[PDB]
*Asks:* 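My questions will all concern the structure given below.
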There are 2 protein chains.
Amino acid sequence: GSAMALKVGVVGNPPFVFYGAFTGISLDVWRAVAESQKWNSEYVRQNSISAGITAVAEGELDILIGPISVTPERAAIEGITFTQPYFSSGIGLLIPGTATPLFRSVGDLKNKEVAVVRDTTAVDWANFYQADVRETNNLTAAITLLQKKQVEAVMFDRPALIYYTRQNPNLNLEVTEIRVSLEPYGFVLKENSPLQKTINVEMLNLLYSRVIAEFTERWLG
Amino acid sequence: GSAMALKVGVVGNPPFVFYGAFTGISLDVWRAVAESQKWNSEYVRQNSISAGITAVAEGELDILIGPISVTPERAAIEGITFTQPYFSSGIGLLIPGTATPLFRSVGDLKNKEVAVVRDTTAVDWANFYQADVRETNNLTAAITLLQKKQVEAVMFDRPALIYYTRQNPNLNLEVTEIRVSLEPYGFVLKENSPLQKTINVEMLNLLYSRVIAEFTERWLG
């Protein structure tokens, strides 16, 4: 169709989002939704989740997609609304194989030099657990600090950490059994958006038909 | 305060909803939300979920609370919108203790006389798995049919079934390990409701603070 394209902001990390142009679990979900409605899309990579949320509130974007945790603080932002969640993720920790005995619970996080990526929920969880928080620009930067020896762990979404370890088995890094939290992922629309109902129904259809589970299995099974 | 009360429709079964006047997990969640905003409530028991959803769409109710599964078909109903989910429930099966070997998977459901409560997601799941569906007016009626000997199982939300077995250990009924599905519970508001953002933030606060987990532990821990 020749209808005006929806402006789709993209933010996140593998396996949910990859940057060529754009691929990953989140993109598979959005594309299935867009395709079912014969919609045209224009993808714009966003610097951060909050930058993307502001762009949706300001009408600069029609929707923000990616592994975006639905949190009270974000849901409180004026002008935006979250879609129904499409994935239930856990926030975990990546540590050196030898540090396994040291990280058995969230209580062990206190005072430990924990690396986190700026503008992610991990920053807040790391501060809440009284870790020695060290913010970085990206996951690669946070892991490069662990690869060296400045931080005793990296706090980030569990699926992304697992994916990373699978691309670098040679590194001997391990994702602990510790779950700092369980957070649902959703997309961000403008409040009272006329697309909301259609997107929710479609995402729920994908969820219940186990199609999203297949997408996830393709990138992390 | 003397502000106009919100019309709160109530539907569901224990441990989420009990009928005196109204108590249970769902009522604890709603009350915490209402209390945080100093809101006044007027509770009206609903005959069924779809009856309650229509009452919200028609403006007869401001919100419908209870263990309401967020499904594509319901999200598609004109005039309504679901809040963010507050609980992740599983749909299970209640069978006689002796029938344990017979129910090891959803595939074993085909042709088995399965009892379901009218207007619940179990009706659709039972039909989808090709069981010999037998609709009843309520859970007590569906279980009374199992207590006799007409159905080989009762399909209903797992927490409600477990709660039931705990009030009647003398019956020797068992909730199988089979999970027909995993469904999130949410409340129903009028589409583009001015209360939406406030309710979502509050429910998310309750969720993340583990307060909802405490409510659930009180009625089913």
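Just so we're on the same page: letters track the sequence lines, and every chain starts at 1.
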*Asks:* Relative to chain B, which segment of A:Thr83 carries a heavy atom at a distance below 4.5 Å: side chain, backbone, both, or neither?
*Replies:* backbone
*Asks:* Please enumerate all residues that pass side chain to side chain contact (heavy atoms under 4.5 Å, CB included) together with B:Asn192, with sequence neighbours excluded.
*Replies:* A:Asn192, A:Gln196
*Asks:* If I compare all heavy atoms of B:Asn205 with all of A:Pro72, which pair ends up nearest, and what's the gap?
*Replies:* OD1-CB, 3.1 Å
*Asks:* With rounding to the nearest 0.5 angstrom, report the CG to CZ distance, A:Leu204 to B:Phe82.
*Replies:* 8.5 Å
*Asks:* Determine yes or no for a side-chain-to-main-chain donor-acceptor pair under 3.5 angstrom, with A:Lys197 supplying the side chain and B:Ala76 the backbone.
*Replies:* no
*Asks:* In chain order, what residues pass the ring-ring contact (aromatic ring centres under 6.0 Å, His included) check against A:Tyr185, with sequence neighbours excluded?
*Replies:* A:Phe16, A:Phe87
*Asks:* Find the distance between CG (A:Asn200) and CZ (B:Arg74) and round it off to the nearest 0.5 Å.
*Replies:* 15.0 Å
*Asks:* With only heavy atoms counted, which part of B:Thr198 is less than 4.5 Å from chain A, the side chain, the backbone, both or neither?
*Replies:* neither
*Asks:* Which pair of non-hydrogen atoms, one from B:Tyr208 and one from A:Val70, has the smallest distance, and what is that distance?
*Replies:* OH-O, 2.7 Å
